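Student:
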Amino acid sequence: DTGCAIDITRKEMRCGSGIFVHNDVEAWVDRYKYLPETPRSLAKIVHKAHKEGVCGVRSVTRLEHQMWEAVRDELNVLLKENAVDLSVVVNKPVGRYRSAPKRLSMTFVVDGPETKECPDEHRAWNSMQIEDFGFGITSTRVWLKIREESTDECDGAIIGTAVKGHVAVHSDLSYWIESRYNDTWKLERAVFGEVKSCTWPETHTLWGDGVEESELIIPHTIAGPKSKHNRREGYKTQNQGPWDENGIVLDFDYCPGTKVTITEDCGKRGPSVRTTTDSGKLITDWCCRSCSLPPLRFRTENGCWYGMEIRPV
Amino acid sequence: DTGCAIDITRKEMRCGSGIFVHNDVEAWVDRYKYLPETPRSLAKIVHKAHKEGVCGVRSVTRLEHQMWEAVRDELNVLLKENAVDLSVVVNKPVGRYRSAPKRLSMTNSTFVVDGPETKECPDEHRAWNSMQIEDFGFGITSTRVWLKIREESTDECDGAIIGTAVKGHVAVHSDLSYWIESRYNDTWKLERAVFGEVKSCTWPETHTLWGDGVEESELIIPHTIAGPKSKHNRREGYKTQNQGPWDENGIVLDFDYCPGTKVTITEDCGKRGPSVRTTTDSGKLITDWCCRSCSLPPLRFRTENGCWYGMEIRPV
Amino acid sequence: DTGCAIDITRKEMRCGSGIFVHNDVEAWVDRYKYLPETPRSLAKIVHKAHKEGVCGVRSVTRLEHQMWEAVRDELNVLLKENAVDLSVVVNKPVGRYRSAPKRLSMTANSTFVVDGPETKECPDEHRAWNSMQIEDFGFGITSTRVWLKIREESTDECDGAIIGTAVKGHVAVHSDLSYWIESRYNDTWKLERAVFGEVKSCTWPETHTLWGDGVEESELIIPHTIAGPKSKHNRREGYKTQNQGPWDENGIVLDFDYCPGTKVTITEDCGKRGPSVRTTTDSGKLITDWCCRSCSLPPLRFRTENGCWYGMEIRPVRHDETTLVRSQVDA
Amino acid sequence: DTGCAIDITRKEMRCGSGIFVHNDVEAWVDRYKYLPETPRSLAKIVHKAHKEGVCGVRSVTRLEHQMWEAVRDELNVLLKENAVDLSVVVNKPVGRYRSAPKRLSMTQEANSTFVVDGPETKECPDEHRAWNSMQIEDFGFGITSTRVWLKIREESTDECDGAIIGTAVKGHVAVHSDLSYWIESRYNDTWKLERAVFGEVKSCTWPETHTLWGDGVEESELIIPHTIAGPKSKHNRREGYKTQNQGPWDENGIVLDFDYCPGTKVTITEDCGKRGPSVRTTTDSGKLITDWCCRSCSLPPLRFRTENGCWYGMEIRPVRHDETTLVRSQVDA
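Protein chains in written order, with the authors' numbering: chain B, 1 to 107, 133 to 338; chain b, 1 to 107, 130 to 338; chain a, 1 to 107, 129 to 352; chain A, 1 to 109, 129 to 352.
1. Taking beta-carbon pairs under 7 angstroms, can you tell me which members of the stretch 215 to 231 of chain a lie near chain A?
2. Does the contact criterion of 3 or more C-beta pairs under 8 angstroms hold for the stretch 171 to 186 of chain A versus the stretch 224 to 231 of chain A?
3. Is there a Cβ of chain A sitting closer than 8 angstroms to that of B:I6, yes or no?
4. For a:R31 and A:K92, what's the separation of their Cα atoms in angstroms?
5. Return the first residue and the last residue of the beta strand (DSSP E) that A:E156 is part of.
6. Are the CB atoms of B:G292 and B:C312 nearer to each other than 8 angstroms?
7. Is B:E74 helix, strand or coil when you go by DSSP?
8. Does a:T2 come within less than 8 angstroms of chain b when only Cβ atoms are used?
9. Cα separation between A:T209 and A:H191?
10. Okay, do the stretch 79 to 89 of chain a and the stretch 132 to 149 of chain a touch, 3+ Cβ pairs below 8 angstroms being the bar?
11. Any heavy atom of the ligand HEM closer than 7 angstroms to the Cβ of A:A193?
12. Residues in its own chain within less than 6 angstroms of a:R324 by CB, not counting five upstream and five downstream?
13. Looking at the secondary structure, which residues open and close the beta strand (DSSP E) in which a:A193 lies?
14. Between a:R58, a:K44, a:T343, a:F217, which has its C-alpha nearest a:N76's C-alpha?
15. With a threshold of 8 angstroms on Cβ separation, who are the neighbours of A:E326 within its own chain once the five nearest residues in sequence on each side are excluded?
16. Sort b:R40, b:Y34, b:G53, b:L79 by Cα distance to b:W68 and report the nearest one.
17. Who are the neighbours of a:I171 on chain A, taking C-beta pairs under 7 angstroms?
18. Out of B:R256, B:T9, B:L318, B:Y206, point me to the one whose CA is closest to B:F277's CA.
19. Taking C-beta to C-beta, are b:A187 and b:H254 nearer than 8 angstroms?
20. Using a cut-off of 7 angstroms between C-beta atoms, extract the partners of b:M13 located in chain A.
21. Applying the criterion that 16 or more other CB atoms from any shown protein chain within 10 Å of the CB defines a buried residue, is B:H65 buried or exposed?
22. Just the Cα atoms here: how many angstroms apart are B:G18 and b:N23?
23. Along chain A, in chain order, which residues have C-beta atoms closer than 9 angstroms to that of B:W28?
24. Please go through the stretch 161 to 238 of chain b and give each complete beta strand (DSSP E) segment of 3 or more residues, from N-terminal end onward.
25. Using the beta-carbon count (16 or more within 10 Å), is a:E289 buried or exposed?
26. Determine which residues of the stretch 198 to 211 of chain A have a Cβ less than 9 angstroms from any Cβ of chain a, and write them out in chain order.
27. Could you tell me whether the Cβ of a:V21 comes closer than 8 angstroms to any Cβ of chain A?
28. Does the stretch 228 to 236 of chain b come into contact with the stretch 229 to 242 of chain B, if we say contact requires no fewer than three beta-carbon pairs (one atom in each stretch) closer than 8 angstroms?
29. My output table needs one value for A:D276: the three-state DSSP class, helix, strand or coil.
30. Need the endpoints of the beta strand (DSSP E) that A:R98 sits in, please.
31. So, for b:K170: in the same chain, excluding its five sequence neighbours on each side, which residues have a beta-carbon less than 6 angstroms away from its beta-carbon?
32. Rounded to whole angstroms, what's the CA-CA distance from a:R294 to a:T262? Just pull it up for me.
33. Taking the alpha helix (DSSP H) that a:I45 falls in, what are its first and last residues?
34. If you run the structure through DSSP and keep just helix, strand and coil, what is B:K33?
35. Comparing C-alpha positions only, which one of B:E139, B:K102, B:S239 sits nearest to B:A49?
36. Would you mind working out which of A:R205, A:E219, A:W201, A:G259 sits nearest A:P250, comparing C-alpha positions?
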């Protein structure tokens, strides 16, 4: 409600009332811990899912995966009094979290190995909603409850977007997309701590009228806001980027120790191309047909990458 | 920008970096003050406009009117030392800051600013929105805002001071004069819109949440009164209020019950028309108000003059 | 605590957890507001005090005087309701807040005077001083409320709940709600500036003092008896205790520079150390010639409301001693 | 330092100007990065020192060791390019950063090695090593890590570097801290030591210009010894406890607290023995000792919590036990 902050662009330091949006992604610890409802109800929910034929639930966010990992032991202890022998296992993640076309319930093989015993076409996905927040000295308790109406978009109670001066932000507990204004509205840098496949809500997107989904940058399948602050000039949707990796950072610069040279005629499109091949020497000469400088680069954990329109001559 | 804040719905108080959109329209003290870049250039532009046939300029914001009032003496001294027959006068803003068709075009005289429609200068060739906010300056009480001139004629509000945000079941479209708030209670709807000025610029679409597939006839605040072209700007059973108390001072829009007035939802109470004041010629207050199809609570206007009601509501 | 900050000397804009010491002396609007535990209890306090041996009280801080002035009416109404022949009158302070022996102990002819000059009715020997202590804080929209309670000891030190002392990489501060003493390091630690919102008489606690080993009572720039820290940061090379400065004016600022339109030259045949002398005489004529026996440059300057003063070592060169104003604090 | 803050005790959020003492020891990323003045002249410094009779250098803080590690390659390259028969080698730390009697001089303009932070090798003994010959000069700018330039000292000292030390007190809480230490004290009817956090154990001497309440102090009652850079203050003491010479000062990740180590019990009976070196709760077989004897403690007792889990102070001794399969500190500071 009330905030008290420093403004460098206005060269002032005021302390008043309004709405303050904070960068919760680039932090070394987690402040919010997902908490489910009473496990006594989840027991019968899991029983109904097992009876119907649900072989697992695919987590939408890393925090739900952490919640399942934390509650597996408690659920196992509380169960088996009336149910039958069943395996609820929380495996480790392999990459981006996919979307399953089956809802969980209404008013187990979790994401991990893609073992054929549990078909993905009969897996649960995105059936929990945030009810209210809880106090806590060590961490902020975020309660949960089952969703009533089946949708295909992200949780709205955690989305925060703002534009104060010439800076714009589309962000939540996982993503953080920035925009700037020097002569035209363009994307500056995006920071993905994970990759989920929900959809940014239509009511938390700014400047989203008359927009074509082909001229975006972050595809709307990877939960990229369908707005005009989400796009860059000269670049199309980056569907074939390094989205399978982890710790993806999107910005516009040069990969370390590299040069980019525009060419009249070279490779036009294709999949994302690796920077260093280890066996061969680090690539130093690159070509493009219609690009802009500095080019975009994905700085994931393994090194550096380039876009879908930059290929080595 | 680094700062600290207190969250009530999140039950936490935290410091960090991000975006801080602050409410500075309901504070009873001034905080900003506009200054021209070069006062000497103002005299040259005024002389150029006078030669080109520009009688005067309409202030877009009351801060622009205050800026003209401040620079009145400086421009008077400049014209006195330049030996030309001219004078500049500053009146009191009568109603609302309307628009003008012309600009400060580039390529005893009376330099009136606002007021009624003079015989010598009609309200048909005046200037409006010819200055742009360039940068800020340090100030202990009033932060200096330095102005320049634009290159192209734009009919939308200046977007260097406009702040919008949505962080959890709550949304804001605000600037130095407007503050519009919307909430989530089983659906998204408008809560409150505190005025303090009535401009006529257009709210930029680059500062507009939920801007896809918006119908112009369902906006509570018309898009000609700098009403955002969003879908938070509406409620169930209401349409564009092009006829309202948009000429008063310090108007507040909210949904509640004014003193008196009963809940009559009959479907035969005439046709929608202009707003009707809740006072019988400085006398009794009407307690019989009816709507053909509306929602509860009704739409009021917390003007300091009194209470009004929406266009759809007409007294029996 | 928790908070973000800008660091000029580190070229940073940080944010995190630690200790932040603010500057609440050079401010226009008062930030705090002293309040007693309850006006009903202070009525019993004052009744018992006047019953035993106390004819009046003497504030230690300006905020304590303001609290007494604010609660005078409520205390008087309560004691009139209790059918007691007493009255509480608050006069206005003249100079620095001097100390008094007696203390207040917890449980219209006669009067209970407050801050003011010495009168035959209530001699200075029968007054209270520094007899209550900060208990807690309260949330306030415009001004936070600081609650007070009767102090059951008889200390002569300043209240530690508000003292803020900090040193961070070649800059040091001793401060509280009415003092702000600034020291800086340039090849040597020395005093640089000190702004007073008042002149108290309590003793700075040693638990809030930096560099307090082997200090000489005769070297501290501001005396230890007017709430000057017993530190070596409160020190300058070439000067001694300024026990006879202009410690009676208001809005006083101590720093090292030249008073306007004057100069000083070092010479050994100058006079001796005495009370400080104003730059301008009573008539209003400047004295533009000054000498010191052993003084460092720039000089020691008092920036008060009446005018501009020098330190007790700087003396006028010739002039006379019949038209010059000299301080008489005997601090 | 203009900034804002949130004060729990005052119940106030405000902005202003003052001094911000910020915890930099409990950080998950390094915010400061030491750099040498000029790598070209550092080679001349090393050559002159080697000729004068210095066979190696011993780092004072972990950041100095990190700087030496990061600049070793460039130093070797420059020395080899200038045709110099000298090599700088950086070893890994073993315990607390000990002291040395020699110093590096100021800048003037079969195989020989320049060992850094090595153990007691007979080639380069302890008495032929440098120590504390550098000084912070200025700060730089960096989005990730700020730059802290260094310069050779002119006059020999045994004191820690005062350009980073931050000491503060406000009300009923005090802090002695720098980039490596975080000492905390609190007031509850008495000022007493409350919690100390270490990143390493150096052996410089805390300057008196940055200490609080350092009047008439006794060196035999300081909880943290003054020979491992413990401030010579009276916020540095707690009642009933004397200096902890033979503590677990050779371990890493130390946190000094006053609490009960899990699963153990302490009694204040007078039939105990005498204070000696620290004794870890767990034996060789990992069996918790659940009977401890102290003479004149003040519960809760000291609790050194290193990566080994638990240690106790000098005054705490085990009950009805013997010197067998139990681990004691071999340090004597």
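Yeah, the Cβ is synthetic: ideal placement off N, Cα and C, and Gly gets one too.
Tutor: In brief:
1. Listed by position, the residues of the stretch 215 to 231 of chain a near chain A (Cβ gap below 7 angstroms) are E227, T228, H229, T230, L231.
2. The stretch 171 to 186 of chain A makes contact with the stretch 224 to 231 of chain A: 3 or more CB pairs, one atom from each, lie closer than 8 angstroms.
3. As a working note, residue 6 of chain B is residue 6 in the first sequence. Yes, B:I6 lies at the interface with chain A (some Cβ there is under 8 angstroms from its Cβ).
4. The residue labelled residue 31 of chain a in the question sits at position 31 within the third sequence. The residue labelled residue 92 of chain A in the question sits at position 92 within the fourth sequence. Computed Cα separation, rounded: 54 angstroms.
5. As a working note, residue 156 of chain A is residue 137 in the fourth sequence. For A:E156, the enclosing beta strand (DSSP E) stretches over residues 153 to 158.
6. Start at 1 with the first residue of the first sequence, and residue 292 of chain B comes out as number 267. Start at 1 with the first residue of the first sequence, and residue 312 of chain B comes out as number 287. Taking C-beta atoms as the reference points, B:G292 and B:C312 count as a pair closer than 8 angstroms.
7. As a working note, residue 74 of chain B is residue 74 in the first sequence. For B:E74, the secondary structure class from DSSP, reduced to helix, strand or coil, is helix.
8. The residue given as residue 2 of chain a occupies position 2 in the third sequence. Closer than 8 angstroms: yes.
9. Locating residue 209 of chain A in the fourth sequence gives position 190, counting from the first residue. Locating residue 191 of chain A in the fourth sequence gives position 172, counting from the first residue. Their backbone Cα atoms lie some 10 angstroms apart in a straight line.
10. Judged by Cβ distances under 8 angstroms, the stretch 79 to 89 of chain a makes contact with the stretch 132 to 149 of chain a, as three or more pairs qualify.
11. The ligand content of the structure shown is nil, which means the ligand HEM is not present either.
12. Translated into the one-based positions of the third sequence, residue 324 of chain a becomes position 303. Within the same chain, a:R324 has close Cβ partners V274.
13. Stepping through the third sequence from its first residue, residue 193 of chain a is reached at position 172. Under the DSSP assignment, a:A193 falls in the beta strand (DSSP E) whose first and last residues are 192 to 196.
14. Counted from its first residue, the third sequence places residue 76 of chain a at position 76. Minimum Cα-Cα distance from a:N76 among the listed residues a:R58, a:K44, a:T343, a:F217 corresponds to a:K44.
15. As a working note, residue 326 of chain A is residue 307 in the fourth sequence. Within the same chain, A:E326 has close Cβ partners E270, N271, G272.
16. Counting from 1 along the second sequence, the entry for residue 68 of chain b is found at position 68. Among b:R40, b:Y34, b:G53, b:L79, the Cα nearest to that of b:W68 belongs to b:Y34.
17. As a position in the third sequence, residue 171 of chain a is number 150, starting the count at 1. Simply none; closest approach about 18 angstroms.
18. Here residue 277 of chain B is taken as the residue at index 252 of the first sequence, counted from 1. Residue nearest to B:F277 within the set B:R256, B:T9, B:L318, B:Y206 is B:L318 (criterion: CA-CA distance).
19. Counting from one through the second sequence, the residue named residue 187 of chain b turns up at place 165. Counting from one through the second sequence, the residue named residue 254 of chain b turns up at place 232. Contact flag unset, no.
20. For the purposes of this step, residue 13 of chain b is taken as residue 13 along the second sequence, with counting starting at 1. Against b:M13, the close residues of chain A are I6, in the order they occur along the chain (beta-carbon pairs closer than 7 angstroms).
21. Here residue 65 of chain B corresponds to residue number 65 of the first sequence, with the count starting at 1. By the neighbour-count criterion, in which a residue is buried when 16 or more other Cβ atoms sit within 10 angstroms of its Cβ, B:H65 is buried.
22. Against the first sequence, residue 18 of chain B aligns to sequence position 18. Against the second sequence, residue 23 of chain b aligns to sequence position 23. Looking at the two C-alpha atoms, the distance is approximately 5 angstroms.
23. For the purposes of this step, residue 28 of chain B is taken as residue 28 along the first sequence, with counting starting at 1. Per Cβ cutoff of 9 angstroms: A27, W28, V29.
24. As far as the stretch 161 to 238 of chain b is concerned, its whole beta strand (DSSP E) runs of at least 3 residues are 165 to 171, 185 to 189, 192 to 196, 201 to 206, 210 to 216.
25. Walking along the third sequence from the start, residue 289 of chain a turns up at place 268. Exposure of a:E289 is indicated by the presence of fewer than 16 other C-beta atoms within 10 angstroms of its C-beta.
26. If the cut-off is 9 angstroms between Cβ atoms, the stretch 198 to 211 of chain A has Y206, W210 near chain a.
27. As a working note, residue 21 of chain a is residue 21 in the third sequence. Chain A, which has a Cβ nearer than 8 angstroms to the Cβ of a:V21, makes this yes.
28. Output reads yes: the stretch 229 to 242 of chain B touches the stretch 228 to 236 of chain b.
29. Taking the fourth sequence and counting its residues from 1, the one referred to as residue 276 of chain A is at position 257. Of the three classes helix, strand and coil, the one that applies to A:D276 here is strand, per DSSP.
30. As a working note, residue 98 of chain A is residue 98 in the fourth sequence. Per DSSP, A:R98 belongs to no beta strand (DSSP E) and is neither H nor E.
31. Taking the second sequence and counting its residues from 1, the one referred to as residue 170 of chain b is at position 148. Within its own chain, the residues whose Cβ lies closer than 6 angstroms to the Cβ of b:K170, once the five positions on either side in sequence are excluded, are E37, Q154, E156, listed in chain order.
32. Within the third sequence, numbered from 1, the residue matching residue 294 of chain a stands at position 273. Within the third sequence, numbered from 1, the residue matching residue 262 of chain a stands at position 241. Near 11 angstroms, if we compare the C-alpha coordinates of a:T262 and a:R294.
33. Indexing the third sequence from 1 puts residue 45 of chain a at position 45. If you look at a:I45, you'll find it in the alpha helix (DSSP H) that goes 39 to 52.
34. Along the first sequence, read from residue 1 onward, the residue named residue 33 of chain B stands at position 33. Note: B:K33 maps to strand in three-state DSSP.
35. What you label residue 49 of chain B is simply residue 49 of the first sequence in a count that begins at 1. The candidate whose alpha carbon is nearest that of B:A49 is B:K102.
36. To locate residue 250 of chain A, count along the fourth sequence from 1; it is residue 231. Minimum Cα distance to A:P250 is reached at A:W201.
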